[PDB]
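Colleague: Before I ask anything, let me first share the structure, which is written out below as structure tokens.
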Protein chains: 14
Amino acid sequence: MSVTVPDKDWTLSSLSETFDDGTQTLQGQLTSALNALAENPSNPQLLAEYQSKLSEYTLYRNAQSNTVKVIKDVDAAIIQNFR
Amino acid sequence: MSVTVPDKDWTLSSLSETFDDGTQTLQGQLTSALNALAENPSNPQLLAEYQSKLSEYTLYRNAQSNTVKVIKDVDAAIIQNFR
Amino acid sequence: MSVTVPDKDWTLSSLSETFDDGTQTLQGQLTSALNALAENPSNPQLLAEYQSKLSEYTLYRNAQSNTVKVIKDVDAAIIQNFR
Amino acid sequence: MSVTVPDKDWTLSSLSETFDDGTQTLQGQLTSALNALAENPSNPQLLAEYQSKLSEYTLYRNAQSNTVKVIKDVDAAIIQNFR
Amino acid sequence: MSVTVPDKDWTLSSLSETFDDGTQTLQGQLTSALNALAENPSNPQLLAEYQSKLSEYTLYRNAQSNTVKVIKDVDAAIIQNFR
Amino acid sequence: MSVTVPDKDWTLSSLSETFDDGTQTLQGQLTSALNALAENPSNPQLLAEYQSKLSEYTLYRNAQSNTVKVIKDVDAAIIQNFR
Amino acid sequence: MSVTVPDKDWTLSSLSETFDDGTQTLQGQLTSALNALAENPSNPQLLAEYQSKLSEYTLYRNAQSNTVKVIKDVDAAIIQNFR
Amino acid sequence: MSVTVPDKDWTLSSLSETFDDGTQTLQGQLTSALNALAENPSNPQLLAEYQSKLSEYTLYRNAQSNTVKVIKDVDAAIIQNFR
Amino acid sequence: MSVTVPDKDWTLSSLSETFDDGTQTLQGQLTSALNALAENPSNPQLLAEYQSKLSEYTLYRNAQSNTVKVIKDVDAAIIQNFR
Amino acid sequence: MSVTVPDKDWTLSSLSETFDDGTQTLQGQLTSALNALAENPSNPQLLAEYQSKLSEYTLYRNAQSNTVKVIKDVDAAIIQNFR
Amino acid sequence: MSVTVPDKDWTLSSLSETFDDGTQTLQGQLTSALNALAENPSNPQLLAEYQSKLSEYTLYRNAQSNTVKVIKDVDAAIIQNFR
Amino acid sequence: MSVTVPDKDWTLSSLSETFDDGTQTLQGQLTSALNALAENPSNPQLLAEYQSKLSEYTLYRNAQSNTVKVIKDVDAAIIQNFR
Amino acid sequence: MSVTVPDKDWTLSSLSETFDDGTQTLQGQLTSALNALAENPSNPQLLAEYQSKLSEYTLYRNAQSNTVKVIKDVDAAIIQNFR
Amino acid sequence: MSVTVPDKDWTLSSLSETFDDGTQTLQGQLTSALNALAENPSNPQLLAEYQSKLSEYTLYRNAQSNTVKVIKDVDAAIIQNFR
């Protein structure tokens with residue numbers, strides 16, 4: 001998916017929304033797997049799927065918050081250089 | 001069972017309550033099997049049911065406390081990245 | 001949004017009001033996210049939204065006070081050159 | 001819960017009080033769970049509840065002191081720009 | 001047992017004393033069971049009671065030192081954020 | 001609190017006294033928190049309150065001495081223009 | 001690429017445009033890598049490419065705004081010396 | 001313990017002496033616990049007390065040197081503003 | 001054994017020497033037990049004494065090097081705060 | 001300590017001598033602390049005392065040279081006004 | 001060891017020489033411990049002594065270069081105030 | 001083996017070469033023991049010698065790379081303090 | 001393989017491409033071993049080859065991303081020193 | 001190597017060339033070690049040599065750019081004093 005020159009379409013919210021909306025479905029699957037295990041804890045497959053999606057979820061938030069942190073630094077650097 | 005977008009309904013307590021309430025009945029069965037064995041230790045079936053539920057109980061707490069640990073890491077990671 | 005020739009509509013207060021009023025809503029969201037976390041500290045999404053808006057708020061004040069500082073220099077420079 | 005335009009109701013103490021009072025009850029629960037374990041260390045549920053609230057407490061102080069630190073930076077930045 | 005708002009009655013020593021004094025009696029029982037086994041090693045009940053209390057003692061120290069470690073982290077985190 | 005036309009009630013000492021007397025109570029609280037920590041260093045709340053008031057104290061002196069510096073410039077500017 | 005004697009072709013905008021246009025393509029790649037990760041967060045290569053380009057982007061803005069800052073100083077220095 | 005208006009009784013040495021003298025006794029206890037362990041390394045209680053006081057000692061010096069650092073900044077800020 | 005105010009008698013070497021000299025005798029016993037087993041490997045008592053002292057020796061070095069590590073942190077923290 | 005009407009006892013040397021002689025003892029303490037650290041670098045207290053006095057020494061010279069600078073301005077201003 | 005009024009015997013080289021010569025012997029011990037480990041890497045005591053002296057060496061250079069940095073600031077501050 | 005004042009003979013390469021050359025022979029013995037086991041896997045002595053030297057080799061690289069890391073920190077610290 | 005003076009041929013992309021292209025073949029082997037195990041999980045040799053290449057792959061990415069991180073630091077350090 | 005009175009042979013380019021040419025060979029070794037690891041990532045020695053030279057390279061650029069920065073300050077200081 002091509003992105004219009006970021007120069008003009010640099011929006012921090014949009015970047016976060018990408019990380020959110022693109023994982024919202026996967027978050028539902030994670031919590032669905034939880035409910036599945038609640039019914040049947042003794043399913044190795046559900047345990048694997050749940051724990052995988054759970055570990056992935058951790059990575060999902062890591063990438064999200066890290067990206068935002070970087071953008072903050074960029075914005076602040078500009079302000080400081082023109083401070 | 002579908003879950004409302006976790007983004008908004010991320011509650012650690014709720015996650016634990018799932019592990020608790022969904023097993024409370026099974027915990028009663030475990031301790032009931034204990035009482036059954038107290039009356040008749042010499043029932044292989046009761047021994048199997050008790051020991052199975054007991055082993056399952058171990059797994060029940062493992063999944064519970066592990067999930068919570070992961071969520072802790074996620075929360076802390078966010079705070080640190082915005083620290 | 002086009003601005004009438006600043007030459008005549010150079011008002012320092014107006015410049016600040018832009019930074020204020022345009023963020024007032026976002027400041028409400030920030031403090032609202034605080035209240036949300038007060039109810040549920042264990043929501044990664046709310047933590048991300050709060051901390052993001054909080055970091056943004058920092059940037060909001062940085063841009064505001066910096067702009068004003070610059071305008072001060074401009075005004076003083078004129079007075080000095082015609083002092 | 002809606003907040004009156006923070007511009008006028010920016011109070012650092014109030015922000016801290018939010019983190020304090022909103023957790024005071026939870027802190028009581030934590031230390032209550034400690035007392036519960038003092039009576040019965042061998043209750044997995046109490047161990048989970050105690051350790052969860054304890055881990056949460058850590059997060060409670062992290063969010064509190066971090067928020068305050070940020071506000072300090074904001075205040076100082078303004079003073080410096082008008083120094 | 002209700003605890004006065006910990007905010008003001010956060011004392012690390014007190015927390016440890018809870019773990020100590022509340023187990024001191026149980027530690028006496030453990031070492032008493034040792035003496036009992038010294039007289040009669042061939043008592044399964046005394047072996048069970050001794051080994052149980054011994055295993056419990058291990059857990060007693062685990063919970064104690066772990067709690068203290070956590071509190072250390074909390075204190076240090078505050079100092080660092082205001083460092 | 002309304003102020004009588006500063007034109008006539010421009011007093012540098014008064015300006016400083018505002019910064020002093022209005023914080024004297026808070027300075028007592030700061031040094032009181034120090035004494036509190038001297039008794040119990042292991043109270044996160046006291047650490048937060050102390051370090052907060054300490055950081056605030058820094059800001060208290062910053063605003064004070066900065067205001068005075070500005071007034072000096074104003075007075076000198078007048079003298080120079082009529083020198 | 002040789003540049004016509006800068007003496008005559010010193011244009012601040014042109015300098016910035018160099019930093020912009022020469023990275024616009026790379027910015028597209030960065031945001032494209034984001035979209036790629038949105039589809040597949042679990043690709044180490046995409047993570048490396050994204051994070052690399054992201055870190056590079058930070059450097060891209062650093063060099064840009066720094067260069068401009070320097071030129072500002074040069075222009076101001078001339079004006080002051082002939083002020 | 002109430003403190004006479006710090007304005008007049010701001011003494012950096014006194015602040016340090018508070019951190020020192022108030023912990024000197026505790027430092028003796030720490031090194032005493034060391035000697036206790038030297039005689040009996042195999043006492044969990046002495047290990048806990050020693051390591052606790054040792055960790056506390058670390059915090060004792062952290063709070064001390066941090067406070068002094070802050071005061072330095074305050075003093076320097078005043079001098080600079082009246083430099 | 002009482003220790004003169006550590007403030008003045010804080011010596012890292014001395015701390016290590018405590019761990020060393022106080023165990024040197026015990027280290028001799030350990031290596032003596034080794035020689036005893038070399039003559040008679042089939043003595044359960046010597047095996048217990050050797051393995052106990054060996055396990056203790058491990059703990060002896062753990063406590064030693066850990067204490068030193070902590071002191072390093074303390075020294076460095078001071079230097080950094082006054083760096 | 002009361003001072004005879006400065007009008008007649010305005011001596012720049014005397015002002016400097018105040019800053020010198022009043023700190024000479026403290027300078028000896030600083031360099032003495034250096035020698036103390038030369039013997040025992042691993043004493044946190046000596047590190048704190050040395051670094052504190054060292055930081056103070058910096059402030060000692062700052063106040064000294066600043067005062068003198070101001071007096072220079074005063075003297076020159078008089079000469080210029082009667083030039 | 002008493003030092004002649006530093007006012008007259010302020011020499012930066014001398015300060016460094018203190019840090020150097022007073023540690024030169026200890027540096028020899030460090031590199032000697034290295035050679036000792038080269039012969040016998042499997043000596044815990046030599047590992048402790050080496051690593052301790054190595055960590056100390058780090059602190060030795062930290063204190064040295066830090067002191068010099070401070071003195072630089074002092075010298076420059078004087079020159080600037082009389083610039 | 002005595003070392004010439006390290007001050008002048010501080011060479012990182014030399015330090016590494018010590019760890020290398022002093023173990024090269026031992027590395028040959030390790031890989032020789034491998035070849036010995038390749039001929040006779042069923043020799044407990046060769047298994048002990050191989051596995052011992054292998055474990056030692058691990059320690060050999062640990063000490064090597066750790067020492068170098070420390071020296072890096074020292075060099076960087078100096079540069080930063082004079083940066 | 002000799003490299004042309006890096007001074008002129010310092011390209012971060014090229015460095016990464018080295019880590020990529022030089023392992024691409026090995027990555028194919030890894031995923032090929034996976035397919036081999038999919039057909040025959042019960043082949044110890046394939047398990048060893050797969051798990052070895054998998055562990056190696058981990059190391060492959062570690063070296064790659066680490067190198068890039070270092071180069072980032074170098075670039076940023078230059079910009080900051082000339083900022 | 002003796003240097004002709006720098007007074008006359010102060011050339012910034014020459015200073016940089018020293019840092020460059022004197023490391024160019026070492027840079028080749030670094031990138032050569034990279035190629036060596038590309039062939040054999042599993043050589044601890046090559047990993048040590050590469051990572052060492054890489055860390056050294058970082059230090060090489062740090063010393064280079066820092067020296068130049070200082071010289072800039074010197075040149076500018078002269079111009080300003082005669083401005």
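Order determines the names: the first chain of the structure tokens is A, the second B, and so forth; residues in each chain are numbered 1 upward, and ligands are numbered 1 upward as they are shown.
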Residues of chain I in helix (DSSP H, G or I) according to DSSP, as a PyMOL selection string?

Modeller: chain I and resi 6-9+12-39+44-81

Colleague: Could the residues of chain K that have an atom at most 12 Å from chain H be listed as JSON lines, each with its closest atom pair and the distance in Å to one decimal, counting only C-alpha atoms and ordered by chain and ascending residue number?

Modeller:
{"residue": "K:77", "atom": "CA", "partner": "H:83", "partner_atom": "CA", "distance": 10.8}
{"residue": "K:78", "atom": "CA", "partner": "H:83", "partner_atom": "CA", "distance": 11.8}
{"residue": "K:80", "atom": "CA", "partner": "H:83", "partner_atom": "CA", "distance": 10.8}
{"residue": "K:81", "atom": "CA", "partner": "H:83", "partner_atom": "CA", "distance": 8.4}
{"residue": "K:82", "atom": "CA", "partner": "H:83", "partner_atom": "CA", "distance": 11.7}

Colleague: Excluding same-chain residues fewer than 4 positions from residue 10 of chain A, what lies within 12 Å of it counting only C-alpha atoms, as a PyMOL selection string?

Modeller: (chain A and resi 3-6+14-16+68+71+74-75) or (chain G and resi 24+27-28+30-31)
